[PDB]
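One file, upload-v3.cif, is given below (mmCIF, C-alpha atoms).
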```cif
data_final
#
loop_
_atom_site.group_PDB
_atom_site.id
_atom_site.type_symbol
_atom_site.label_atom_id
_atom_site.label_comp_id
_atom_site.auth_asym_id
_atom_site.auth_seq_id
_atom_site.Cartn_x
_atom_site.Cartn_y
_atom_site.Cartn_z
ATOM 1 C CA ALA A 1 -48.276 2.757 -2.805
ATOM 2 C CA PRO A 2 -44.771 4.392 -3.532
ATOM 3 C CA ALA A 3 -42.381 4.794 -0.689
ATOM 4 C CA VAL A 4 -40.017 7.491 0.291
ATOM 5 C CA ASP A 5 -36.362 6.448 0.029
ATOM 6 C CA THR A 6 -35.071 9.886 -0.736
ATOM 7 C CA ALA A 7 -31.867 11.530 0.204
ATOM 8 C CA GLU A 8 -32.650 14.101 2.827
ATOM 9 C CA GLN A 9 -30.491 17.119 3.505
ATOM 10 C CA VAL A 10 -27.859 16.054 6.049
ATOM 11 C CA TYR A 11 -27.586 18.132 9.258
ATOM 12 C CA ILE A 12 -24.070 17.935 10.422
ATOM 13 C CA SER A 13 -23.350 19.030 13.996
ATOM 14 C CA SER A 14 -20.246 21.066 14.985
ATOM 15 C CA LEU A 15 -18.180 18.083 16.520
ATOM 16 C CA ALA A 16 -18.911 15.586 13.726
ATOM 17 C CA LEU A 17 -17.664 18.071 10.994
ATOM 18 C CA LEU A 18 -14.385 18.621 12.934
ATOM 19 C CA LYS A 19 -13.916 14.843 13.331
ATOM 20 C CA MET A 20 -14.361 14.448 9.415
ATOM 21 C CA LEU A 21 -11.827 17.325 8.683
ATOM 22 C CA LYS A 22 -9.336 15.795 11.155
ATOM 23 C CA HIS A 23 -9.823 12.177 9.832
ATOM 24 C CA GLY A 24 -9.240 13.242 6.293
ATOM 25 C CA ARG A 25 -6.356 15.622 6.838
ATOM 26 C CA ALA A 26 -4.135 12.954 8.594
ATOM 27 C CA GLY A 27 -5.546 10.338 6.320
ATOM 28 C CA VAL A 28 -4.657 11.689 2.800
ATOM 29 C CA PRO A 29 -2.972 11.094 0.129
ATOM 30 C CA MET A 30 -4.116 7.673 1.272
ATOM 31 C CA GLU A 31 -7.776 7.011 0.580
ATOM 32 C CA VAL A 32 -9.395 6.468 4.006
ATOM 33 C CA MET A 33 -12.824 5.796 5.335
ATOM 34 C CA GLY A 34 -14.941 5.714 8.541
ATOM 35 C CA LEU A 35 -18.524 5.613 9.596
ATOM 36 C CA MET A 36 -21.133 8.209 10.481
ATOM 37 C CA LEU A 37 -23.341 7.628 13.584
ATOM 38 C CA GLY A 38 -26.488 9.689 14.232
ATOM 39 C CA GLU A 39 -30.185 9.555 14.588
ATOM 40 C CA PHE A 40 -32.663 10.028 11.748
ATOM 41 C CA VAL A 41 -36.080 11.459 12.791
ATOM 42 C CA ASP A 42 -38.886 12.712 10.643
ATOM 43 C CA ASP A 43 -38.447 12.264 6.874
ATOM 44 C CA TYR A 44 -36.456 15.528 6.460
ATOM 45 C CA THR A 45 -33.756 15.574 9.126
ATOM 46 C CA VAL A 46 -30.845 13.260 9.643
ATOM 47 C CA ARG A 47 -28.579 14.586 12.498
ATOM 48 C CA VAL A 48 -24.981 13.414 12.513
ATOM 49 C CA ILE A 49 -24.269 13.449 16.267
ATOM 50 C CA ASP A 50 -20.819 11.760 16.074
ATOM 51 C CA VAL A 51 -18.492 9.878 13.827
ATOM 52 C CA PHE A 52 -15.624 7.556 14.285
ATOM 53 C CA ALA A 53 -13.386 5.801 11.847
ATOM 54 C CA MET A 54 -13.766 2.097 11.305
ATOM 55 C CA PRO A 55 -10.334 0.870 10.059
ATOM 56 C CA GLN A 56 -8.730 3.078 7.280
ATOM 57 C CA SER A 57 -8.297 1.667 3.671
ATOM 58 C CA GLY A 58 -5.102 1.052 1.733
ATOM 59 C CA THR A 59 -5.191 1.348 -2.048
ATOM 60 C CA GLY A 60 -8.618 2.446 -3.019
ATOM 61 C CA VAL A 61 -11.636 2.642 -0.750
ATOM 62 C CA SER A 62 -11.696 -1.121 -1.061
ATOM 63 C CA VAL A 63 -14.552 -3.494 -0.702
ATOM 64 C CA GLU A 64 -12.218 -5.447 1.710
ATOM 65 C CA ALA A 65 -12.304 -2.462 4.069
ATOM 66 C CA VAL A 66 -16.110 -2.534 4.511
ATOM 67 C CA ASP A 67 -16.490 -4.837 7.346
ATOM 68 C CA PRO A 68 -19.789 -5.899 8.994
ATOM 69 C CA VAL A 69 -17.628 -7.416 11.735
ATOM 70 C CA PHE A 70 -16.048 -4.189 12.928
ATOM 71 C CA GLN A 71 -19.407 -2.435 12.396
ATOM 72 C CA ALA A 72 -21.152 -5.010 14.660
ATOM 73 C CA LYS A 73 -18.356 -4.946 17.281
ATOM 74 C CA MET A 74 -18.486 -1.120 17.643
ATOM 75 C CA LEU A 75 -22.279 -0.962 17.600
ATOM 76 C CA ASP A 76 -22.833 -3.298 20.811
ATOM 77 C CA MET A 77 -20.365 -1.192 22.780
ATOM 78 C CA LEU A 78 -22.381 1.906 22.218
ATOM 79 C CA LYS A 79 -25.382 0.241 23.759
ATOM 80 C CA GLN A 80 -23.453 -0.345 27.072
ATOM 81 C CA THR A 81 -22.341 3.382 27.209
ATOM 82 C CA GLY A 82 -26.085 4.389 27.040
ATOM 83 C CA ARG A 83 -25.666 6.080 23.758
ATOM 84 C CA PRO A 84 -27.263 3.692 21.134
ATOM 85 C CA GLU A 85 -27.150 5.261 17.824
ATOM 86 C CA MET A 86 -27.352 3.785 14.342
ATOM 87 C CA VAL A 87 -25.228 4.120 11.394
ATOM 88 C CA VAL A 88 -26.646 6.984 9.409
ATOM 89 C CA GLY A 89 -24.182 6.577 6.610
ATOM 90 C CA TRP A 90 -20.514 6.700 5.994
ATOM 91 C CA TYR A 91 -17.781 9.186 4.912
ATOM 92 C CA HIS A 92 -14.511 8.842 2.993
ATOM 93 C CA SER A 93 -11.872 11.348 1.746
ATOM 94 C CA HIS A 94 -10.510 11.576 -1.872
ATOM 95 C CA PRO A 95 -7.654 13.816 -2.557
ATOM 96 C CA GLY A 96 -7.812 12.749 -6.307
ATOM 97 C CA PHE A 97 -10.415 15.247 -7.323
ATOM 98 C CA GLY A 98 -12.845 17.357 -5.278
ATOM 99 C CA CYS A 99 -16.280 15.761 -4.819
ATOM 100 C CA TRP A 100 -15.505 12.524 -6.729
ATOM 101 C CA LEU A 101 -15.784 8.847 -5.741
ATOM 102 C CA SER A 102 -13.241 6.265 -6.915
ATOM 103 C CA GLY A 103 -14.286 3.163 -9.010
ATOM 104 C CA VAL A 104 -13.602 0.918 -6.096
ATOM 105 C CA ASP A 105 -15.565 3.237 -3.798
ATOM 106 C CA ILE A 106 -18.996 2.900 -5.630
ATOM 107 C CA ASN A 107 -18.939 -0.911 -4.945
ATOM 108 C CA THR A 108 -18.060 -0.227 -1.280
ATOM 109 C CA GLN A 109 -20.913 2.308 -1.142
ATOM 110 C CA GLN A 110 -23.508 -0.438 -2.104
ATOM 111 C CA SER A 111 -22.944 -2.485 1.061
ATOM 112 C CA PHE A 112 -24.110 0.585 3.092
ATOM 113 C CA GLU A 113 -27.127 1.202 0.864
ATOM 114 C CA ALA A 114 -28.395 -2.440 1.497
ATOM 115 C CA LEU A 115 -28.069 -1.884 5.238
ATOM 116 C CA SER A 116 -30.082 1.396 5.208
ATOM 117 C CA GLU A 117 -31.439 3.436 2.328
ATOM 118 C CA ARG A 118 -30.584 6.646 4.203
ATOM 119 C CA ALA A 119 -26.861 5.767 3.964
ATOM 120 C CA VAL A 120 -25.027 8.763 2.535
ATOM 121 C CA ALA A 121 -21.479 9.178 1.183
ATOM 122 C CA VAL A 122 -19.452 12.349 2.100
ATOM 123 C CA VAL A 123 -16.322 13.193 0.146
ATOM 124 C CA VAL A 124 -13.821 15.322 2.129
ATOM 125 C CA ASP A 125 -11.056 17.151 0.488
ATOM 126 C CA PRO A 126 -8.519 18.471 2.971
ATOM 127 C CA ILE A 127 -6.106 19.620 0.129
ATOM 128 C CA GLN A 128 -8.645 21.842 -1.411
ATOM 129 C CA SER A 129 -10.527 23.155 1.806
ATOM 130 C CA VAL A 130 -9.467 26.315 3.366
ATOM 131 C CA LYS A 131 -13.067 27.242 4.615
ATOM 132 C CA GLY A 132 -13.836 23.569 5.556
ATOM 133 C CA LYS A 133 -17.372 23.698 4.387
ATOM 134 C CA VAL A 134 -15.981 23.829 0.831
ATOM 135 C CA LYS B 1 19.779 -5.391 3.664
ATOM 136 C CA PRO B 2 21.467 -3.896 0.504
ATOM 137 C CA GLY B 3 20.812 -5.471 -2.999
ATOM 138 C CA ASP B 4 17.351 -6.581 -1.843
ATOM 139 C CA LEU B 5 14.390 -5.288 -3.836
ATOM 140 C CA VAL B 6 11.603 -3.728 -1.797
ATOM 141 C CA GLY B 7 7.967 -2.693 -2.056
ATOM 142 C CA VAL B 8 7.214 0.896 -1.281
ATOM 143 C CA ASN B 9 3.526 1.916 -0.719
ATOM 144 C CA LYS B 10 2.088 3.804 -3.528
ATOM 145 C CA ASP B 11 -0.173 6.157 -1.632
ATOM 146 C CA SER B 12 2.272 7.247 1.131
ATOM 147 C CA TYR B 13 5.977 6.596 0.727
ATOM 148 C CA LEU B 14 7.148 4.157 3.299
ATOM 149 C CA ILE B 15 8.830 0.754 2.698
ATOM 150 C CA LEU B 16 5.879 -1.719 3.149
ATOM 151 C CA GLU B 17 7.281 -5.077 1.924
ATOM 152 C CA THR B 18 10.348 -7.044 0.586
ATOM 153 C CA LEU B 19 10.926 -8.883 -2.709
ATOM 154 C CA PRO B 20 13.543 -11.473 -3.852
ATOM 155 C CA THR B 21 17.081 -10.418 -4.674
ATOM 156 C CA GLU B 22 17.618 -9.920 -8.452
ATOM 157 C CA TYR B 23 20.382 -11.984 -10.154
ATOM 158 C CA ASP B 24 20.911 -12.180 -13.904
ATOM 159 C CA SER B 25 20.401 -15.398 -15.935
ATOM 160 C CA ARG B 26 22.499 -13.791 -18.798
ATOM 161 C CA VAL B 27 25.705 -14.038 -16.670
ATOM 162 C CA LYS B 28 25.246 -17.765 -15.866
ATOM 163 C CA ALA B 29 24.945 -18.640 -19.631
ATOM 164 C CA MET B 30 28.134 -16.705 -20.368
ATOM 165 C CA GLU B 31 30.114 -18.730 -17.819
ATOM 166 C CA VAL B 32 32.190 -21.790 -18.242
ATOM 167 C CA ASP B 33 33.712 -21.735 -21.725
ATOM 168 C CA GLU B 34 36.458 -24.056 -20.540
ATOM 169 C CA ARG B 35 34.873 -26.841 -22.629
ATOM 170 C CA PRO B 36 36.018 -27.657 -25.197
ATOM 171 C CA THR B 37 39.499 -27.105 -23.802
ATOM 172 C CA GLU B 38 41.973 -25.093 -25.731
ATOM 173 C CA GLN B 39 45.172 -26.261 -23.973
ATOM 174 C CA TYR B 40 48.356 -25.334 -25.945
ATOM 175 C CA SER B 41 47.416 -27.550 -28.919
ATOM 176 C CA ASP B 42 45.046 -25.291 -30.970
ATOM 177 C CA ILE B 43 46.136 -22.052 -29.388
ATOM 178 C CA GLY B 44 49.697 -20.796 -29.566
ATOM 179 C CA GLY B 45 52.115 -18.520 -31.368
ATOM 180 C CA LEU B 46 54.626 -16.213 -29.618
ATOM 181 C CA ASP B 47 56.524 -18.790 -27.443
ATOM 182 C CA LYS B 48 57.816 -16.341 -24.935
ATOM 183 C CA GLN B 49 54.368 -14.728 -24.285
ATOM 184 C CA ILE B 50 52.683 -18.000 -23.513
ATOM 185 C CA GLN B 51 55.484 -18.890 -20.975
ATOM 186 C CA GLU B 52 55.175 -15.706 -18.987
ATOM 187 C CA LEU B 53 51.465 -16.032 -18.897
ATOM 188 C CA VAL B 54 51.644 -19.607 -17.474
ATOM 189 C CA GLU B 55 54.028 -18.203 -14.756
ATOM 190 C CA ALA B 56 51.655 -15.263 -13.898
ATOM 191 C CA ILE B 57 48.252 -16.968 -13.717
ATOM 192 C CA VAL B 58 48.274 -20.764 -13.955
ATOM 193 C CA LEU B 59 51.064 -21.893 -11.569
ATOM 194 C CA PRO B 60 50.128 -19.624 -8.550
ATOM 195 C CA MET B 61 46.563 -21.016 -8.536
ATOM 196 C CA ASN B 62 47.809 -24.617 -8.087
ATOM 197 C CA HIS B 63 50.951 -23.730 -6.010
ATOM 198 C CA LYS B 64 48.959 -21.351 -3.711
ATOM 199 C CA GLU B 65 49.951 -22.895 -0.287
ATOM 200 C CA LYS B 66 53.629 -22.073 -0.786
ATOM 201 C CA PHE B 67 53.147 -18.377 -1.290
ATOM 202 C CA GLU B 68 51.500 -18.006 2.151
ATOM 203 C CA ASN B 69 54.339 -19.935 3.866
ATOM 204 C CA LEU B 70 57.186 -17.887 2.158
ATOM 205 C CA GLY B 71 55.373 -14.572 2.981
ATOM 206 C CA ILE B 72 55.932 -13.214 -0.448
ATOM 207 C CA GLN B 73 53.148 -11.953 -2.720
#
```
Reformat the file's structure so that it appears as structure tokens.
Amino acid sequence: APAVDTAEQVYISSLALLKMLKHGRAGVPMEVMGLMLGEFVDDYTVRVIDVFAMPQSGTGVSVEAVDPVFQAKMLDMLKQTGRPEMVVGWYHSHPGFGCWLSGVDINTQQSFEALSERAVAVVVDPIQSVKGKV
Amino acid sequence: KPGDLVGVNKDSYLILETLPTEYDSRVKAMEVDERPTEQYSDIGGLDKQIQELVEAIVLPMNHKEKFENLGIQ
């Protein structure tokens, strides 16, 4: 009877991590966001093949910024390239405090959860990372 | 342009926007105390001082055209 719907440990590839570090680093002190594209297989592994940023937020990681329209637009293109991948989750940077979401950001996070349960939220701190896994 | 209020972005400091010029209402209220008029009929005393003053301010404002023609300040 019960289902799964658990957060599995996220396997981040080498290119995707670099894209997150680079996105954040330019992006801060301004709160910024972008999407994570990958494939999820099994019920243990989600692999984050690639990311790209879907238009960066202003003040807060605003609910205005989450856009199904941009998400839809980008997704059909991928199909034509012959790399169709699904949104595995999304990432955002906070320089405010390490590993923290803003108030606005939790509301924004909920739109992604409705789309897929395996939507994850990654907080990147470029200010406080000098090993870049930290 | 100078004297114009502007919006600056809070997150990263750049000038994002513009806002109306500020004026002051307090100055407008202060203005025009010419009514009631004072004339020289409830203000006075010191006959010579009043005459020189009329010569220095009052007459050159009416008689302005002449000064320009003559070339004299």
*How many Å separate atom CA of residue 62 of chain A from atom CA of residue 105 of chain A?*
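A separation of 6.4 Å between them.
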*asked:* Using the chain letters and numbers from this file, what does the PyMOL selection byres ((chain A) within 10 of (chain B)) select? Give the answer as a PyMOL selection string.
replied: chain A and resi 27-31+58-60
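Taking atom CA of residue 63 of chain A and atom CA of residue 116 of chain A as endpoints, the distance between them is 17.3 Å.
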*asked:* Report, in Å to a single decimal, how far apart atom CA of residue 21 of chain A and atom CA of residue 61 of chain A are.
replied: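 Result for atom CA of residue 61 of chain A versus atom CA of residue 21 of chain A: 17.5 Å, one decimal.
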*Which residues, written as a list in words, have at least one atom at most 12 Å from residue 3 of chain B, with all atoms listed in the file counted and residues fewer than 4 positions away on the same chain left out?*
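Counting only the stated atoms, we get residues 18, 19, 20, 21, 22 and 23 of chain B.
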*On this file, the PyMOL selection byres ((chain A and resi 14) around 12) gives some set of residues; write that set as a PyMOL selection string.*
chain A and resi 11-13+15-21+47-51+132-133
_Residues returned when the PyMOL selection byres ((chain A and resi 9) around 7) runs on this file, as number ranges by chain_ = A: 7-8, 10-11, 44-45
Using only C-alpha atoms, please write the residues we just selected to a file, as a PDB file, in the frame of the given file.
```pdb
ATOM      1  CA  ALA A   7     -31.867  11.530   0.204  1.00  0.00           C
ATOM      2  CA  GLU A   8     -32.650  14.101   2.827  1.00  0.00           C
ATOM      3  CA  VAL A  10     -27.859  16.054   6.049  1.00  0.00           C
ATOM      4  CA  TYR A  11     -27.586  18.132   9.258  1.00  0.00           C
ATOM      5  CA  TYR A  44     -36.456  15.528   6.460  1.00  0.00           C
ATOM      6  CA  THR A  45     -33.756  15.574   9.126  1.00  0.00           C
TER       7      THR A  45
END
```
Any chance you could build segment 86-105 of chain A out to N, CA, C and O atoms and write it as a short mmCIF file (atom, residue, chain, number, x, y, z; two decimals), in the coordinates of the input?
```
data_model
loop_
_atom_site.label_atom_id
_atom_site.label_comp_id
_atom_site.auth_asym_id
_atom_site.auth_seq_id
_atom_site.Cartn_x
_atom_site.Cartn_y
_atom_site.Cartn_z
N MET A 86 -27.30 4.69 15.44
CA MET A 86 -27.35 3.78 14.34
C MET A 86 -26.50 4.42 13.37
O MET A 86 -26.27 5.60 13.52
N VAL A 87 -26.06 3.62 12.41
CA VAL A 87 -25.23 4.12 11.39
C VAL A 87 -26.11 4.83 10.41
O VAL A 87 -26.88 4.19 9.70
N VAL A 88 -26.02 6.09 10.34
CA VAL A 88 -26.65 6.98 9.41
C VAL A 88 -26.09 6.99 8.01
O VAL A 88 -26.83 7.22 7.08
N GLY A 89 -24.77 6.67 7.92
CA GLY A 89 -24.18 6.58 6.61
C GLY A 89 -22.76 6.41 6.88
O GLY A 89 -22.33 5.97 7.94
N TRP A 90 -22.00 6.78 5.84
CA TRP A 90 -20.51 6.70 5.99
C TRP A 90 -19.87 7.77 5.20
O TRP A 90 -20.34 8.33 4.23
N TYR A 91 -18.60 8.16 5.58
CA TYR A 91 -17.78 9.19 4.91
C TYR A 91 -16.42 8.60 4.53
O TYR A 91 -16.15 7.43 4.88
N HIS A 92 -15.77 9.32 3.65
CA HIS A 92 -14.51 8.84 2.99
C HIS A 92 -13.97 10.17 2.57
O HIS A 92 -14.63 11.19 2.46
N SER A 93 -12.62 10.21 2.25
CA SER A 93 -11.87 11.35 1.75
C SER A 93 -11.34 10.85 0.39
O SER A 93 -11.12 9.64 0.16
N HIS A 94 -11.19 11.78 -0.56
CA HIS A 94 -10.51 11.58 -1.87
C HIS A 94 -9.71 12.75 -2.00
O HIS A 94 -10.25 13.86 -1.97
N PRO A 95 -8.42 12.59 -2.20
CA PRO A 95 -7.65 13.82 -2.56
C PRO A 95 -7.58 13.96 -4.07
O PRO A 95 -7.06 15.01 -4.48
N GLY A 96 -7.96 12.87 -4.85
CA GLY A 96 -7.81 12.75 -6.31
C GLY A 96 -8.38 13.86 -7.03
O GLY A 96 -7.70 14.62 -7.73
N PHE A 97 -9.67 14.10 -6.80
CA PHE A 97 -10.42 15.25 -7.32
C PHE A 97 -11.53 15.51 -6.33
O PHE A 97 -12.14 14.60 -5.80
N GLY A 98 -11.83 16.84 -6.15
CA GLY A 98 -12.84 17.36 -5.28
C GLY A 98 -14.17 16.78 -5.66
O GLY A 98 -14.51 16.91 -6.85
N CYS A 99 -14.91 16.24 -4.65
CA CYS A 99 -16.28 15.76 -4.82
C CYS A 99 -16.39 14.65 -5.87
O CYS A 99 -17.10 14.85 -6.89
N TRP A 100 -15.63 13.54 -5.72
CA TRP A 100 -15.50 12.52 -6.73
C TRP A 100 -15.44 11.25 -5.90
O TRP A 100 -14.95 11.35 -4.81
N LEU A 101 -15.90 10.10 -6.49
CA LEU A 101 -15.78 8.85 -5.74
C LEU A 101 -14.80 8.06 -6.62
O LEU A 101 -14.84 8.29 -7.85
N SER A 102 -14.05 7.10 -6.07
CA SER A 102 -13.24 6.26 -6.92
C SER A 102 -14.09 5.12 -7.45
O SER A 102 -15.23 4.90 -7.05
N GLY A 103 -13.57 4.32 -8.41
CA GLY A 103 -14.29 3.16 -9.01
C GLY A 103 -14.54 2.10 -7.98
O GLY A 103 -15.51 1.34 -7.96
N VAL A 104 -13.51 1.93 -7.12
CA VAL A 104 -13.60 0.92 -6.10
C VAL A 104 -14.67 1.30 -5.13
O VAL A 104 -15.42 0.39 -4.74
N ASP A 105 -14.74 2.59 -4.79
CA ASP A 105 -15.56 3.24 -3.80
C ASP A 105 -17.06 3.09 -4.02
O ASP A 105 -17.77 2.96 -3.06
#
```
